[PDB]
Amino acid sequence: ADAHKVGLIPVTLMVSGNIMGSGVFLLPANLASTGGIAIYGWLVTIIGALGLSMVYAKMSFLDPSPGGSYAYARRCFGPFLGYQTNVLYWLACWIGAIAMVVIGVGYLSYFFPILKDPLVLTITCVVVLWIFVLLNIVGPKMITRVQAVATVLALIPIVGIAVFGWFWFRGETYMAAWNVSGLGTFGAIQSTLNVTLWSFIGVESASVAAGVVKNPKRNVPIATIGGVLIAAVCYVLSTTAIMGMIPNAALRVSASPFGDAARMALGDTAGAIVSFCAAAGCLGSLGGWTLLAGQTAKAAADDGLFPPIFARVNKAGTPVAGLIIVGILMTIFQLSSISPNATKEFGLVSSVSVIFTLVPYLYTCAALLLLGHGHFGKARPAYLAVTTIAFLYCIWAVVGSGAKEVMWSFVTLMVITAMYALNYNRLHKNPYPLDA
């Protein structure tokens, strides 16, 4: 409790918030490239995401350390694989933040065309970017509530259709466009896993924010599973709903499919509603990531595995100097990217960020078995089945990324292990030292 921690509801909405985020609005546009067979892809993507949820759920229950993934990998494998998880996820976070502010603010252009011009867009972003760094400095009680309101604002259309969308949905349109890809059923299913497997990055959120959730052992597991269950429901119900409402042809070339789901549904400026709700979604998610950025660095900084400045806190215990760095960085790697100008662009270096997150997922399912075997009782086979699913889920994600971004993920992994060696020799503690 004591005192400014965050409760169950905010925490869980932070999970749903970060998960659904920017993408929930573009899904039916990308599945439309393959068809209604994307339903099968979901059934596979869901049980795979429920696996990784349960893993994080049980893990955080057993050890509710602050920093989630990072924490477990330190217990399991030592300071090095700890240091690796942080650096990766910490980047995966604040690069992820950058994507939110862009996408979010970009929805607002529907209201202010003023900001399609790329320069003004970047000025607006610094502003809104620092707005949320500041909200994060007034503390996790505060941003979790701003996100909680943001994300329920963002759920309005997504339930609206998910629930009321059926009233107009039919078979004729949905089924006609069952398999537009022109690939075999298993071919298609894989081509939808390319999209949908990245839909549940975010499941870690609660377990990472353990240090700031009120009753970690009860709540982190509830927020973890619950969050993922909200996301699943929406995804499935909403994008199957849209594929029986708008014809495939129109839908796959749509910039905002929910905006179009509107212009017939409630018509007129109902796109207004959706582009506000869409913008609210991201901006909420924005702040939620920058939070999590704040926490990993904190945890790692606290065990000597990240610079001391990230461990420095104000009296409430929130890492102010830590967040101001994330804030500065995002301001640097944002001016750098004024629509070309300096060089090129660049959604590569956000894509590599998304593989950085799958590495922690992997070391966590390892950590569950390697640390947790003691506490499994007679449910041993259950926990083996589940985590191997979580494994298949992480590998099968990378199996169908682009090469280019895995290559680069891998290169940054090498450079991470070059810095550890260079920065920690002397302080390092060897399982089997040499004598002097």
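The first residue of the sequence shown is number 1, and the count goes up from there.
Asker: As stated in the PDB record, which stretch has the larger average Cα B-factor, 167-175 or 72-80?
Answerer: Between 167-175 and 72-80, it is 167-175.
Asker: Which is higher in the entry, the mean Cα B factor of 230-238 or that of 340-348?
Answerer: The entry gives the higher C-alpha B-factor average to 340-348.
Asker: Identify, among 112, 90, 361, 289, the residue whose C-alpha carries the highest B-factor in the deposited PDB entry.
Answerer: Highest C-alpha B-factor among the listed options: 112.
Asker: At the C-alpha atoms, which of 259, 294, 96, 202 reaches the highest B-factor in this entry?
Answerer: Out of 259, 294, 96, 202, the record gives the largest C-alpha B-factor to 259.
Asker: According to the PDB entry, is the CA B factor of residue 207 in the bottom, middle or top third of its chain, that is, lowest, middle or highest?
Answerer: Lowest third.
Asker: How does the C-alpha B factor of residue 365 compare with the rest of the chain: lowest, middle or highest third?
Answerer: It belongs to the lowest third of the chain when residues are ordered by C-alpha B-factor.
Asker: Based on the deposited C-alpha B factors for this chain, I'd like to know if residue 198 is in the lowest, middle or highest third.
Answerer: Tercile = lowest for this residue's CA B-factor.
Asker: Can you work out whether the C-alpha temperature factor of residue 383 puts it in the lowest, middle or highest third of the chain?
Answerer: It falls in the middle third of the chain.
Asker: If you rank every modelled residue in this chain by C-alpha B factor, which third holds residue 377: lowest, middle or highest?
Answerer: For residue 377, whose C-alpha B-factor we compare with every modelled residue in the chain, the answer is the highest third.
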